[PDB]
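# Examining the three-dimensional arrangement
This is what each chain is made of:
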Protein chains: 2
Amino acid sequence: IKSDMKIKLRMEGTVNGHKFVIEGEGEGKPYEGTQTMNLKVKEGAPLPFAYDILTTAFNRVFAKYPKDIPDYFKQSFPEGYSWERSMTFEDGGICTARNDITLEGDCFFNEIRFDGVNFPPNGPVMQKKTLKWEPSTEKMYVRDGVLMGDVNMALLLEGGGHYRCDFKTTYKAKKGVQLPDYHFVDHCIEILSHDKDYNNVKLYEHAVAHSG
Amino acid sequence: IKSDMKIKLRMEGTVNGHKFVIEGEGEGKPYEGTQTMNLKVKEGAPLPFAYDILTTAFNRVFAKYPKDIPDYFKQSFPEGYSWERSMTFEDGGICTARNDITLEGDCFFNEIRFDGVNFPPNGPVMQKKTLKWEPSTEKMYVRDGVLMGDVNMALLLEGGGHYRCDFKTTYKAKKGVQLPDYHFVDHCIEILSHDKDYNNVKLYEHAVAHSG
């Protein structure tokens, strides 16, 4: 894990019936916990859902851990890790996503699957009424030998309202790794730019680990 | 919709990282609400998860509706319908599934996607400790112009215990259809036989609609 790394990504998924494939390329600085990506819709253009639901599936190797917190992500390399996630929205939309993260040379590779079901037809995902994810703090804890992370997320709506989502993530190291204690990872996630139908997006993430 | 119909099916999915593809062929009697299928694992043999989680994704056209309940399934044809489903288990496993059901001639075709995440490593899905689904009663009601069905499900464990799962299904007719009122569909679902690792399975479903 150098201090400059490059990121590659393919995501395939179905949201509410609609198939899509999206690829990204980008760059990040693992130790500063920042990363940026450029994303291109390859299939299923144009998307009939809020692009914002996908963004958080687009690598916690990219988080700044102090020296008193064992970094579960960085230690899993070179061999790697995978995570799985459920995203449960307050109106009944439910998303499943995973990622298989591999390292090869100076690049991180990401193999993503994302599936959304039961979004109400006139709710904020289907009527594209989302503006952003508010920052958040993910809680990280060990269970059955493996790392899990929990966050209450909220999307800011067009209108000033919020739409809540509970994330549950299990991260699995492909080898043994010094387990950490209960800690937090702050997140800030931002569409830096996009073209009209979100066929092209530039995404940024700032994440920092801490203890409270 | 004759009184004998034949069923064909491909399912692709990932449970806990493991990819699989399963095909089925079978027969059913739409008006008597019974149906049987033979299922073959084509890819991902052998499965490291309880096969029972999949069975309910393997068509409510196959339910006996009395004459006072508008049949939403049978009326959608010839054009068809699709459903999406979330399955939320009590230990945190979460499944997403869908089906696109098409009719062509005397055959029903079924295009399934199934994804499971966050099953605890030593829980009853991952340690194959499930024996069956108890019968159930799905509640059916109209919301935002479309049919939804809700059930509290329970798998009988090896040991005599139960493992609970909440199903939420949205069924979407590909055309206008006379909407029904609040009703129930009773279910009984059974592995009639299997070979050791469940590469071959024979599955039966009996479902009956009613009003309480």
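Scoring rules and cut-offs
- Residues numbered from 1 in each chain as written, not as in the entry; some residues may be left out.
- Chains lettered and ligands numbered in written order.
- Heavy atoms only, no water.
- Helix = DSSP H or I, 4+ residues; strand = E, 2+ residues; numbered from the N terminus.
- Buried < 20%, exposed > 50% of the residue type's maximum accessible area, 1.4 Å probe, protein only.
- Areas by Shrake-Rupley, 256 points an atom, 1.4 Å probe, with all protein chains shown as cover.
- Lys, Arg positive; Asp, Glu negative; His and termini not counted.
- Charge placed at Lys NZ, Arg CZ, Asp CG, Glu CD.
- Polar contact = N/O pair within 3.5 Å; in protein donor to acceptor, adjacent residues only side chain to side chain.
- Contact = heavy atoms within 4.5 Å.
- Buried area = accessible area lost by both parts, 1.4 Å probe.
- Salt bridge = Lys/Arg side-chain N within 4 Å of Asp/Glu carboxyl O.
- Nonpolar A, V, L, I, M, F, W, Y, C, P; charged D, E, K, R; others polar.
- Least-squares fit on C-alpha atoms.
- Pairing = 2+ DSSP bridges.
- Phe/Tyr/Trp six-rings, centres within 6.5 Å; stacked < 30°, edge-to-face > 60°.
- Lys NZ or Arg CZ within 6 Å of the ring centre and 35° of its normal.
- 1 Å grid on protein atoms, 1.4 Å probe; cavity = no way out; pocket = protein on both sides within 12 Å on 5 of 7 lines; lining within 4 Å.
- Points joined across faces, edges and corners; volume = space filled by probe spheres on them.

Looking at the method and resolution fields of the entry, one finds X-ray crystallography and 2.50 Å.

## With respect to the overall build of chain A
Of regular secondary structure, chain A possesses one helix and 12 strands. Tracing chain A from N to C terminus, the helices and strands come up as β-β-β-α-β-β-β-β-β-β-β-β-β. If one aligns the C-alpha atoms of chain A with their principal axes, the spans along those axes are about 45 × 35 × 25 Å. Counting all 212 residues of chain A, 53% fall into the buried class. With an accessible surface of roughly 9200 Å², chain A has 50% of that area assigned to carbon and sulfur atoms. On chain A, the mean spot of the 27 positive side-chain charges and the mean spot of the 31 negative ones are 2 Å from each other.

## Considerations on the side chain of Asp150 of chain A
Residues and elements named next belong to chain A. Secondary-structure assignment places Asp150 in strand β9 (residues 146-157). A polar contact of 3.3 Å, which involves the side chain of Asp150, links it to the side chain of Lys168. When neighbours within four sequence positions are excluded, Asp150 is seen to be in contact with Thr137, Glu138, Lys139, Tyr141, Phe167 and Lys168.

## Thoughts on unusual backbone geometry
Residues and elements named next belong to chain A. Following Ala45, the chain continues into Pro46 via a peptide bond in cis, with omega recorded as -10°. Secondary-structure assignment places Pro46 in the loop between β3 (34-43) and α1 (72-75). Of note, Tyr198 is a non-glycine position whose phi angle comes to about 70°, a positive value. Structurally, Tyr198 is set in the loop between β11 (183-194) and β12 (200-210). Owing to a relative accessible area of 26%, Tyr198 belongs among the partly exposed residues under this scheme.

## Looking at the interface of chain B and chain A
A common way to report how large an interface is uses the accessible area buried once the components associate. Contacts between the two partners involve 23 residues from chain B and, on the opposite side, 23 residues from chain A. Contact between chain B and chain A buries roughly 1800 Å² in total, counting both sides, with carbon and sulfur atoms accounting for 46%. Together, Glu84, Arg98 and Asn118 of chain B form the three largest contributors to the area buried by chain B at its contact with chain A, with a combined 29%. Here chain B and chain A share four salt bridges between them. Measuring nitrogen to oxygen at the nearest pair gives 2.2 Å for the salt bridge that ties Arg98 of chain B to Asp115 of chain A. Counting across the interface, chain B meets chain A through 15 residue pairs in polar contact. Secondary-structure elements contributing two or more residues to the side of chain B that touches chain A are β4 (81-89), β5 (94-104), β6 (107-117) and β10 (162-173) of chain B. Residue composition of the side of chain B that touches chain A, by class: four nonpolar, nine polar and 10 charged.

## Some remarks on the relation of the copies chain B and chain A
When chain B is fitted onto chain A, the two copies agree to an RMSD of 0.0 Å after a turn of 180° and an axial shift of 0.0 Å. A rotation of that kind, with that shift, is consistent with a two-fold axis. The rotation axis passes nearest to the C-alpha of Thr96 of chain B in chain B, at a distance of 3.4 Å.

## Topic: the environment of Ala45 of chain B
All names here are of chain B. The residue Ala45 is located in the loop between β3 (34-43) and α1 (72-75) in this model. Look at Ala45 and you get partly exposed, because its relative accessible area is 48%. When the C-alpha atoms of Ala45 and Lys19 are compared, they prove to be 9.2 Å apart, with 26 residues separating the residues in sequence.

## A few points about the pairing of strand β4 (residues 81-89) of chain A
Residue and element names in this part refer to chain A. The buried fraction of β4 is high, at seven of nine residues. The pairing of β4 with strand β5 (residues 94-104) spans eight bridges and is antiparallel. Considered in β5, the bridge of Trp83 is made with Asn99. Adjacent in sequence and paired antiparallel, β4 and β5 are bridged by four residues, among which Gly92 carries a positive phi angle near 110°.

## Structural notes on the packing of aromatic side chains
A full pass over the atoms with the stated rule returns 34 aromatic pairs over all chains. Ring centres of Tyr81 of chain B and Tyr171 of chain B lie 6.5 Å apart, and the angle between their planes is 35°; on these two criteria the pair is classed as tilted. Here the residue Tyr81 of chain B occupies a position in strand β4, and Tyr171 of chain B occupies one in strand β10, the gap between them amounting to 90 residues. According to the relative accessible area criterion, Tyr81 of chain B is buried, its value standing at 0%. Connected via pairs of aromatic rings, a cluster forms that spans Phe62, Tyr65, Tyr72, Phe73, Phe77, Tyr81, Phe108 and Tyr171 of chain A. Geometry around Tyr31 of chain A places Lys74 of chain A over its ring, the cationic atom sitting 4.8 Å from the centre. The ring of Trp83 of chain A is capped by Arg85 of chain A, whose NZ or CZ atom sits 4.0 Å from the centre of that ring.

## Digging into the layout of surface pockets
Rolled over the atoms, a probe with the dimensions of a water molecule shows which regions are left empty. Reported here for the largest pocket is a volume of approximately 1100 Å³. Looking at the largest pocket, it is lined by 46 residues, and the ones nearest its centre are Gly13, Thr14 and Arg113 of chain A together with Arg98 and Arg113 of chain B.

## Brief notes about the pattern of salt bridges
In the structure shown here, the tally under the stated rule is 30 salt bridges over all chains. With a shortest N-O distance of 3.3 Å, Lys19 of chain A and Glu111 of chain B are connected by a salt bridge. Here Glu111 of chain B lies in strand β6 and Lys19 of chain A lies in strand β2 (residues 18-29), a pairing that spans two chains. Look at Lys19 of chain A and you get exposed, because its relative accessible area is 53%. Between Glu138 of chain A and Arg60 of chain A there is a salt bridge; the shortest N-O distance is 3.2 Å. With a gap of 78 residues between them, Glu138 of chain A in strand β8 (residues 136-143) and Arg60 of chain A in the loop between β3 and α1 connect regions that are remote in the sequence.

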